[PDB]
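Source file: protein-v5.cif (mmCIF, C-alpha atoms and all ligand atoms)
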data_query
loop_
_atom_site.label_atom_id
_atom_site.label_comp_id
_atom_site.auth_asym_id
_atom_site.auth_seq_id
_atom_site.Cartn_x
_atom_site.Cartn_y
_atom_site.Cartn_z
CA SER A 3 0.00 0.00 0.00
CA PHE A 4 2.23 2.79 1.36
CA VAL A 5 5.72 1.29 1.02
CA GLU A 6 7.21 4.79 0.82
CA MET A 7 6.31 5.43 4.49
CA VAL A 8 6.97 2.02 6.03
CA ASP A 9 9.86 2.13 8.51
CA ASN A 10 9.97 5.95 8.54
CA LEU A 11 10.36 6.02 12.35
CA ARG A 12 13.54 5.66 14.40
CA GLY A 13 14.56 6.33 17.99
CA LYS A 14 16.82 5.38 20.88
CA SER A 15 15.30 2.87 23.31
CA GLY A 16 13.37 4.87 25.88
CA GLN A 17 13.82 8.28 24.21
CA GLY A 18 10.99 8.61 21.71
CA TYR A 19 10.09 7.79 18.15
CA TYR A 20 10.92 10.59 15.73
CA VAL A 21 10.25 11.19 12.07
CA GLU A 22 12.38 13.23 9.69
CA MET A 23 10.80 16.45 8.44
CA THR A 24 12.02 19.53 6.58
CA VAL A 25 11.07 23.09 7.44
CA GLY A 26 11.62 26.19 5.27
CA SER A 27 12.99 27.06 1.80
CA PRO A 28 15.48 25.78 1.09
CA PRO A 29 14.43 22.80 3.27
CA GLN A 30 16.16 22.46 6.64
CA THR A 31 16.16 18.82 7.76
CA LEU A 32 15.12 17.94 11.32
CA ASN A 33 14.26 14.91 13.49
CA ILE A 34 10.89 15.32 15.15
CA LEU A 35 9.36 13.31 18.01
CA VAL A 36 5.95 11.90 17.17
CA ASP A 37 3.59 12.74 20.03
CA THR A 38 -0.12 11.90 20.05
CA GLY A 39 -0.37 13.40 23.53
CA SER A 40 0.21 17.05 22.53
CA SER A 41 -0.83 19.33 19.68
CA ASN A 42 1.88 21.96 19.01
CA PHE A 43 4.50 21.64 16.32
CA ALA A 44 7.59 23.09 18.01
CA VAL A 45 11.25 22.93 16.99
CA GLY A 46 14.61 24.07 18.38
CA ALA A 47 15.30 27.43 16.74
CA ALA A 48 18.36 28.50 18.71
CA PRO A 49 21.51 26.74 19.99
CA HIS A 50 21.26 24.36 22.93
CA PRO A 51 23.88 21.95 24.34
CA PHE A 52 21.67 18.98 23.40
CA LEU A 53 20.87 20.22 19.90
CA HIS A 54 23.19 19.53 16.97
CA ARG A 55 21.05 21.16 14.28
CA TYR A 56 18.25 23.72 14.63
CA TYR A 57 15.71 25.77 12.64
CA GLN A 58 17.28 28.96 11.29
CA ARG A 59 14.43 31.23 10.41
CA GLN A 60 16.60 33.85 8.68
CA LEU A 61 17.73 31.30 6.09
CA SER A 62 14.18 30.62 4.98
CA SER A 63 12.50 32.73 2.30
CA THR A 64 9.09 31.28 3.17
CA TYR A 65 9.30 32.04 6.87
CA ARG A 66 6.53 34.28 8.20
CA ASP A 67 6.72 35.70 11.72
CA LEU A 68 3.52 35.81 13.77
CA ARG A 69 5.23 38.13 16.24
CA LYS A 70 3.92 36.40 19.34
CA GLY A 71 5.49 34.43 22.17
CA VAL A 72 4.44 30.98 23.30
CA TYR A 73 5.21 29.70 26.81
CA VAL A 74 4.83 25.99 27.41
CA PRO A 75 5.44 24.62 30.94
CA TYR A 76 5.25 20.83 31.37
CA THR A 77 5.26 18.79 34.58
CA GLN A 78 8.71 19.08 33.25
CA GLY A 79 10.45 20.47 31.60
CA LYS A 80 9.41 23.66 29.81
CA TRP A 81 10.24 25.78 26.79
CA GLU A 82 9.46 29.11 25.25
CA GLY A 83 9.49 30.20 21.67
CA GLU A 84 8.20 32.45 18.99
CA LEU A 85 5.22 31.71 16.79
CA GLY A 86 5.61 31.72 13.02
CA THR A 87 4.67 29.79 9.86
CA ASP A 88 6.74 28.16 7.15
CA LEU A 89 6.50 25.47 4.49
CA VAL A 90 6.96 21.97 5.91
CA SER A 91 7.61 18.57 4.36
CA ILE A 92 7.93 14.96 5.50
CA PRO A 93 10.46 13.25 3.18
CA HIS A 94 9.45 9.64 3.87
CA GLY A 95 5.80 10.57 4.05
CA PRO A 96 3.24 11.80 1.54
CA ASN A 97 4.98 13.80 -1.17
CA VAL A 98 3.31 17.10 -0.37
CA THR A 99 4.32 20.42 1.14
CA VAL A 100 2.12 22.41 3.50
CA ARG A 101 2.30 25.71 5.36
CA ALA A 102 1.94 25.16 9.09
CA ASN A 103 2.26 26.91 12.43
CA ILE A 104 5.62 26.39 14.08
CA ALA A 105 6.70 27.33 17.56
CA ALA A 106 10.35 28.27 17.22
CA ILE A 107 11.89 27.28 20.57
CA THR A 108 14.39 29.91 21.70
CA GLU A 109 14.78 28.95 25.37
CA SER A 110 14.10 25.68 27.20
CA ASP A 111 14.61 23.87 30.49
CA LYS A 112 14.78 20.08 30.91
CA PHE A 113 12.93 19.63 27.63
CA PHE A 114 15.58 18.61 25.12
CA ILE A 115 17.05 15.20 25.99
CA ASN A 116 20.67 14.49 25.06
CA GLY A 117 21.21 11.46 22.85
CA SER A 118 17.53 11.46 21.91
CA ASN A 119 18.43 12.61 18.39
CA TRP A 120 15.25 14.67 17.99
CA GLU A 121 15.21 18.46 17.62
CA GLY A 122 11.49 19.08 17.93
CA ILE A 123 8.06 17.70 18.63
CA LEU A 124 5.09 17.02 16.36
CA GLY A 125 1.98 17.10 18.52
CA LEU A 126 -0.74 15.15 16.72
CA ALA A 127 -3.59 15.68 19.16
CA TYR A 128 -6.33 18.27 18.79
CA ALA A 129 -6.53 22.06 18.96
CA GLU A 130 -8.22 22.14 22.37
CA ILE A 131 -4.97 21.40 24.17
CA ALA A 132 -2.80 23.52 21.83
CA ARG A 133 -0.73 26.43 23.15
CA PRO A 134 -1.29 29.19 23.58
CA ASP A 135 -4.92 28.35 22.77
CA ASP A 136 -7.12 26.35 20.41
CA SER A 137 -6.94 29.03 17.71
CA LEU A 138 -3.42 27.86 16.89
CA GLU A 139 -4.14 25.23 14.30
CA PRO A 140 -2.14 22.00 14.83
CA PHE A 141 -0.02 20.54 12.03
CA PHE A 142 -2.18 17.57 11.12
CA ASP A 143 -5.28 19.74 10.83
CA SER A 144 -3.36 21.97 8.35
CA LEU A 145 -2.01 19.02 6.38
CA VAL A 146 -5.49 17.62 5.80
CA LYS A 147 -7.05 20.94 4.75
CA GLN A 148 -4.34 21.77 2.18
CA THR A 149 -4.12 18.33 0.63
CA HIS A 150 -6.12 15.26 -0.34
CA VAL A 151 -4.44 13.29 2.43
CA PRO A 152 -7.35 11.61 4.22
CA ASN A 153 -7.96 12.64 7.84
CA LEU A 154 -6.30 9.59 9.42
CA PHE A 155 -2.84 8.39 10.41
CA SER A 156 -1.67 5.09 11.83
CA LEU A 157 1.33 4.22 13.99
CA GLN A 158 3.24 0.96 14.34
CA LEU A 159 5.80 1.31 17.10
CA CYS A 160 8.21 -1.63 17.27
CA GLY A 161 10.07 -3.06 20.26
CA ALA A 162 11.65 -4.76 18.62
CA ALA A 173 19.99 -1.70 19.30
CA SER A 174 17.76 1.23 18.21
CA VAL A 175 13.96 1.23 17.86
CA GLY A 176 12.01 1.65 14.63
CA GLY A 177 8.45 1.93 13.41
CA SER A 178 6.09 3.34 10.81
CA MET A 179 3.83 6.35 10.76
CA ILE A 180 1.45 5.87 7.82
CA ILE A 181 -0.25 9.16 6.99
CA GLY A 182 -3.64 9.09 5.27
CA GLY A 183 -4.36 5.38 5.45
CA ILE A 184 -3.70 1.88 6.65
CA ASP A 185 -0.99 -0.52 5.54
CA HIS A 186 -2.32 -4.06 5.78
CA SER A 187 1.19 -5.47 6.05
CA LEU A 188 1.75 -3.89 9.47
CA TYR A 189 -0.76 -5.98 11.37
CA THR A 190 -2.38 -9.39 11.54
CA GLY A 191 -5.94 -10.39 12.30
CA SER A 192 -8.68 -7.85 12.66
CA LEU A 193 -8.72 -4.14 13.44
CA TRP A 194 -11.05 -3.37 16.37
CA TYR A 195 -12.21 0.21 16.98
CA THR A 196 -12.94 2.14 20.17
CA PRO A 197 -14.52 5.61 20.05
CA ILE A 198 -12.56 8.79 20.67
CA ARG A 199 -14.61 10.05 23.57
CA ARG A 200 -13.77 13.67 22.86
CA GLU A 201 -11.34 15.41 20.56
CA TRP A 202 -8.59 16.95 22.68
CA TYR A 203 -6.26 14.23 23.79
CA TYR A 204 -7.05 10.99 22.01
CA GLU A 205 -9.34 10.07 24.86
CA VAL A 206 -10.74 6.55 25.20
CA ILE A 207 -12.75 4.57 27.74
CA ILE A 208 -11.41 1.42 29.43
CA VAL A 209 -14.20 -0.83 30.73
CA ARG A 210 -12.35 -3.78 32.33
CA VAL A 211 -8.78 -4.70 33.29
CA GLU A 212 -7.40 -8.23 33.70
CA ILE A 213 -4.06 -9.58 34.85
CA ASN A 214 -3.72 -13.12 33.52
CA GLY A 215 -7.51 -13.31 33.13
CA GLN A 216 -8.13 -12.28 36.72
CA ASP A 217 -10.40 -9.21 36.91
CA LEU A 218 -8.87 -6.24 38.74
CA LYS A 219 -12.44 -5.83 39.95
CA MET A 220 -12.55 -2.07 40.46
CA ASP A 221 -15.31 0.41 39.75
CA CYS A 222 -14.67 1.02 36.04
CA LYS A 223 -14.52 4.80 36.33
CA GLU A 224 -11.37 4.34 38.44
CA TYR A 225 -9.73 3.12 35.22
CA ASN A 226 -10.45 6.43 33.50
CA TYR A 227 -9.88 8.83 36.36
CA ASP A 228 -9.70 11.43 35.15
CA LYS A 229 -9.27 10.30 31.54
CA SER A 230 -7.60 7.60 29.48
CA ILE A 231 -5.50 8.45 26.45
CA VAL A 232 -3.39 6.84 23.75
CA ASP A 233 -0.03 8.59 23.88
CA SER A 234 2.99 7.87 21.67
CA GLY A 235 4.84 10.57 23.63
CA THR A 236 5.02 8.43 26.78
CA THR A 237 7.06 5.26 27.43
CA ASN A 238 5.08 3.73 30.28
CA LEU A 239 1.65 2.35 30.80
CA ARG A 240 0.72 4.88 33.47
CA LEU A 241 -2.18 4.21 35.81
CA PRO A 242 -4.31 6.20 38.26
CA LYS A 243 -2.99 5.64 41.82
CA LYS A 244 -5.66 3.18 43.02
CA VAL A 245 -5.57 1.15 39.81
CA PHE A 246 -1.78 1.06 39.79
CA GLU A 247 -1.58 -0.40 43.32
CA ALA A 248 -4.17 -3.06 42.62
CA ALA A 249 -2.31 -3.90 39.40
CA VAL A 250 1.22 -4.30 40.78
CA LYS A 251 -0.17 -6.28 43.71
CA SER A 252 -1.81 -8.57 41.15
CA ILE A 253 1.32 -8.70 38.99
CA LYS A 254 3.41 -9.45 42.12
CA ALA A 255 1.17 -12.38 43.12
CA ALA A 256 1.19 -13.74 39.56
CA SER A 257 4.98 -13.64 39.24
CA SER A 258 5.71 -14.85 42.81
CA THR A 259 7.87 -17.83 41.76
CA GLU A 260 10.63 -15.23 41.45
CA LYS A 261 11.30 -12.53 44.04
CA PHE A 262 12.30 -8.97 43.23
CA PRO A 263 13.65 -5.99 45.18
CA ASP A 264 10.87 -3.41 45.36
CA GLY A 265 13.30 -0.96 43.88
CA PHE A 266 11.99 -2.87 40.88
CA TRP A 267 8.24 -2.30 41.11
CA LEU A 268 8.93 1.41 41.54
CA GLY A 269 10.92 1.53 38.32
CA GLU A 270 14.13 2.36 40.18
CA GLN A 271 15.87 -0.99 40.20
CA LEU A 272 16.62 -3.52 37.47
CA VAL A 273 16.08 -7.27 37.30
CA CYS A 274 18.60 -9.44 35.44
CA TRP A 275 19.01 -12.88 33.83
CA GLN A 276 21.63 -14.64 31.69
CA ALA A 277 21.45 -14.55 27.89
CA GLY A 278 18.01 -15.47 26.58
CA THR A 279 17.22 -16.90 30.01
CA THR A 280 14.48 -14.36 30.72
CA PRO A 281 11.54 -16.37 32.13
CA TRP A 282 8.78 -14.51 30.33
CA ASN A 283 6.23 -17.16 31.28
CA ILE A 284 6.22 -16.40 35.03
CA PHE A 285 5.03 -12.86 34.26
CA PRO A 286 1.30 -12.25 33.58
CA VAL A 287 -0.30 -10.81 30.44
CA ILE A 288 -2.24 -7.59 30.91
CA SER A 289 -5.58 -6.92 29.21
CA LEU A 290 -7.55 -3.73 28.84
CA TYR A 291 -11.12 -3.84 27.53
CA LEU A 292 -12.09 -0.83 25.45
CA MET A 293 -15.55 0.45 24.60
CA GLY A 294 -16.58 -0.84 21.17
CA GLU A 295 -18.39 0.87 18.27
CA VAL A 296 -21.47 -1.22 19.00
CA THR A 297 -23.83 -0.72 21.96
CA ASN A 298 -22.98 -2.85 25.01
CA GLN A 299 -20.04 -4.30 23.13
CA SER A 300 -16.35 -4.15 24.05
CA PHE A 301 -13.09 -5.62 22.84
CA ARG A 302 -9.84 -6.32 24.60
CA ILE A 303 -6.21 -5.79 23.87
CA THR A 304 -3.56 -7.88 25.65
CA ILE A 305 0.15 -7.20 26.08
CA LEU A 306 3.02 -9.36 27.31
CA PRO A 307 5.86 -8.87 29.78
CA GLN A 308 7.90 -8.23 26.62
CA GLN A 309 6.09 -4.88 26.45
CA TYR A 310 6.04 -3.83 30.11
CA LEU A 311 9.60 -4.97 30.88
CA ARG A 312 11.94 -2.64 29.04
CA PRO A 313 15.45 -3.82 28.12
CA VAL A 314 18.19 -1.62 29.56
CA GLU A 315 21.54 -1.67 27.74
CA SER A 320 26.92 -7.52 29.34
CA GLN A 321 26.41 -11.30 29.28
CA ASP A 322 23.15 -10.58 31.12
CA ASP A 323 19.79 -9.18 30.07
CA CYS A 324 18.41 -6.48 32.35
CA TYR A 325 15.03 -4.76 32.46
CA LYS A 326 13.10 -1.90 34.04
CA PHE A 327 9.45 -2.16 35.11
CA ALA A 328 7.51 0.20 32.82
CA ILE A 329 4.11 0.40 34.53
CA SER A 330 3.89 3.43 36.79
CA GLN A 331 1.38 5.63 38.58
CA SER A 332 -0.28 8.83 37.43
CA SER A 333 -2.31 11.69 38.84
CA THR A 334 -3.60 12.57 35.36
CA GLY A 335 -5.44 9.37 34.48
CA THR A 336 -4.47 6.40 32.34
CA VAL A 337 -1.75 6.92 29.75
CA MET A 338 -1.46 4.18 27.15
CA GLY A 339 2.12 4.98 26.18
CA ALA A 340 4.56 2.85 24.21
CA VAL A 341 4.30 -0.23 26.45
CA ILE A 342 0.76 -0.52 25.14
CA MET A 343 1.29 0.81 21.61
CA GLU A 344 4.25 -1.46 20.87
CA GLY A 345 1.92 -4.48 20.93
CA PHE A 346 -0.36 -3.10 18.26
CA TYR A 347 -0.84 -1.33 14.99
CA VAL A 348 -2.80 1.70 16.16
CA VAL A 349 -5.09 3.52 13.73
CA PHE A 350 -5.97 7.10 14.62
CA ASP A 351 -9.14 7.39 12.52
CA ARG A 352 -9.94 11.07 13.00
CA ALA A 353 -12.54 11.14 10.20
CA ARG A 354 -14.63 8.46 11.95
CA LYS A 355 -13.74 9.72 15.43
CA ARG A 356 -12.40 6.33 16.56
CA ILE A 357 -9.13 4.56 17.36
CA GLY A 358 -8.30 1.13 15.97
CA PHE A 359 -5.98 -1.58 17.28
CA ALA A 360 -4.72 -4.73 15.63
CA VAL A 361 -2.04 -7.22 16.64
CA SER A 362 1.21 -5.70 15.39
CA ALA A 363 3.28 -7.57 12.83
CA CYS A 364 6.47 -6.32 14.50
CA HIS A 365 5.70 -6.76 18.23
CA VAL A 366 8.11 -8.61 20.53
CA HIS A 367 6.94 -11.92 22.00
CA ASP A 368 8.03 -15.50 22.41
CA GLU A 369 7.04 -18.87 20.97
CA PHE A 370 4.18 -19.47 23.40
CA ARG A 371 2.49 -16.05 23.70
CA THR A 372 1.66 -13.03 21.51
CA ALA A 373 -0.17 -9.76 22.06
CA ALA A 374 -3.85 -10.08 21.26
CA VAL A 375 -6.81 -8.12 20.00
CA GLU A 376 -10.08 -10.01 20.59
CA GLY A 377 -13.81 -9.37 20.66
CA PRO A 378 -16.57 -8.90 21.02
CA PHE A 379 -17.52 -9.01 24.67
CA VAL A 380 -20.94 -8.13 26.03
CA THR A 381 -20.51 -5.16 28.35
CA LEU A 382 -23.23 -3.15 30.04
CA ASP A 383 -23.28 0.44 31.27
CA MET A 384 -20.01 1.27 29.53
CA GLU A 385 -20.84 4.96 29.27
CA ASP A 386 -20.78 5.00 33.08
CA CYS A 387 -17.06 4.13 33.13
CA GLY A 388 -16.19 7.60 31.88
CA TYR A 389 -15.23 10.35 34.29
CA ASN A 390 -16.94 13.73 33.81
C1 LIG B 1 4.18 14.66 29.76
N1 LIG B 1 4.35 14.73 28.30
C2 LIG B 1 3.90 13.54 27.56
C3 LIG B 1 3.70 13.81 26.10
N2 LIG B 1 2.93 13.01 25.36
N3 LIG B 1 4.20 14.90 25.52
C4 LIG B 1 5.14 15.81 26.18
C5 LIG B 1 4.95 17.21 25.54
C6 LIG B 1 6.60 15.36 25.98
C7 LIG B 1 7.65 16.30 26.08
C8 LIG B 1 8.98 15.90 25.90
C9 LIG B 1 9.29 14.56 25.61
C10 LIG B 1 8.25 13.61 25.50
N4 LIG B 1 8.45 12.24 25.23
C11 LIG B 1 9.54 11.49 25.37
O1 LIG B 1 10.65 11.87 25.78
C12 LIG B 1 9.33 10.05 25.01
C13 LIG B 1 8.17 9.70 24.30
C14 LIG B 1 7.97 8.36 23.97
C15 LIG B 1 8.92 7.41 24.38
CL1 LIG B 1 8.67 5.74 24.00
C16 LIG B 1 10.04 7.84 25.11
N5 LIG B 1 10.25 9.13 25.42
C17 LIG B 1 6.92 14.02 25.69
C18 LIG B 1 4.90 15.82 27.72
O2 LIG B 1 5.22 16.83 28.38
#
The structure given in the file should be rewritten as structure tokens.
Amino acid sequence: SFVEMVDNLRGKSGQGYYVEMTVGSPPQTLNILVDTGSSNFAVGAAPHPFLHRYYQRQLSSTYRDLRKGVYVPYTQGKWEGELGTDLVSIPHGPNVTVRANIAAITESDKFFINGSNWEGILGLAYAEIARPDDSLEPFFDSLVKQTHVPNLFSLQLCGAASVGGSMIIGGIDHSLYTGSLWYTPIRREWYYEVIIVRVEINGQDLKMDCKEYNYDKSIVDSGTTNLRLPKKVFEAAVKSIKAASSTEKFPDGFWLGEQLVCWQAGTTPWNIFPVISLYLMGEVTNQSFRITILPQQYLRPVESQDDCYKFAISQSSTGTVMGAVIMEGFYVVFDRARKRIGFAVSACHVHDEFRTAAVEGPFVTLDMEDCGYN
């Protein structure tokens, strides 16, 4: 289908998947972190110790200055920059060129990560969470308006010694998944917000009130490594995961994500660790489906003679974040036109001979609308 875009993502393990883009005329080439959990297109536009290249506005004949500052504080870090527009391309994407808003980052703190090899961020979420407000049109919105690129993109993030993946823009490559695509509704267009209606650890129901799972929201976020869970849910989950994997004991530096666990060679005993399943609201009334990941997703290799891992499930005060530990099991279709998100078993996901990630349905589920926090 879209062979031109397959494998257009790279990254360093635990640093973020970026795509190559060009900004300006003549085109200045940059690496840009793909982030479905934000909605500003912002790039380094002044020297920084962790930047090697950066957007030089004065060298672009198509640069237009909006003459307005943007200040973006995160939990951390933060940056500030200057709003402007310019022509923008994605070389291993659709062969088009669009004019888009760009926040030129001129000062930052604890934002740019050394070794990450990305010089900017492409926020693919919606205008409502854009800075400085929702009147600043996000990149993907501009792309779709100025082109015949359909209003949909799909990400395959691979485990899988450098990470790789594909961002297919405007459609769905059937070679990137197996089995069926199952769709959950986007509850509201800001984050890519979804509703989780059941959680299992090795088939055992976490057995919480379902709105705990989405307190105060659940989102699909390529800009986050971990599966992050609301405090209550997180405690119930690690307790369950601890019980399930009890044949082996681990320092609780481990369950906090501080400490590593290690094993010889390919001696990692995947089978003692439980699978984790989230049920997502389906497109049909009282119908859900479930996605299931392996320890190969939630145990992240840290790079000898031994294999070592960090525990990548962690707690959150801002609701569920389905970051890369989730996404790396699946081909994820962000179907903006139909206001829904699709998941299929990923053709590149890491697993062993006996287990694989799963997408399965349907399951009869009642009162699913009630699982959403207001
Ligand atoms: C809290 N938050 C989350 C999010 N989605 N977006 C940003 C704006 C953000 C800022 C800077 C870096 C990153 N991501 C990473 O560095 C990253 C992403 C994915 C992996 Cl697999 C690894 N690293 C995200 C945020 O502030």
Neighbouring residues of residue A:20 were defined as those with any atom within 8 Å, considering all atoms listed in the file; residues of the same chain fewer than 2 positions away were excluded. Please report them as a ChimeraX atom specification. /A:11-13,18,22,33-36,120
Would you kindly return, as a PyMOL selection string, each protein, DNA or RNA residue with an atom no farther than 7 Å from any atom of stretch 39-49 of chain A, considering all atoms listed in the file and excluding same-chain residues fewer than 6 positions away? chain A and resi 56-58+103-108+121-129+131-133+140-141+203+233-235
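Distance check against ligand LIG 1 (chain B) using all atoms listed in the file: of A:92, A:382, A:337, A:353, the minimum falls on A:337.
Pairwise distance (atom CA of residue A:362, atom CA of residue A:190) equals 6.4 Å.
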Using only C-alpha atoms, the shortest atom-to-atom distance to residue A:118 among A:145, A:53, A:193, A:98 belongs to A:53
Closest of A:91, A:298, A:381, A:237 to residue A:328 - atom-to-atom distances counting only C-alpha atoms: A:237
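Around the point (2.1, -6.9, 32.1), within 6 Å and counting only C-alpha atoms, we find these residues: residues 286, 287, 288, 306, 307 and 310 of chain A.
Distances here use all atoms listed in the file; by that measure, the residue among A:70, A:302, A:312, A:223 closest to ligand LIG 1 (chain B) is A:312.
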From the list A:379, A:81, A:195, A:266, the nearest residue to ligand LIG 1 (chain B) using all atoms listed in the file is A:81
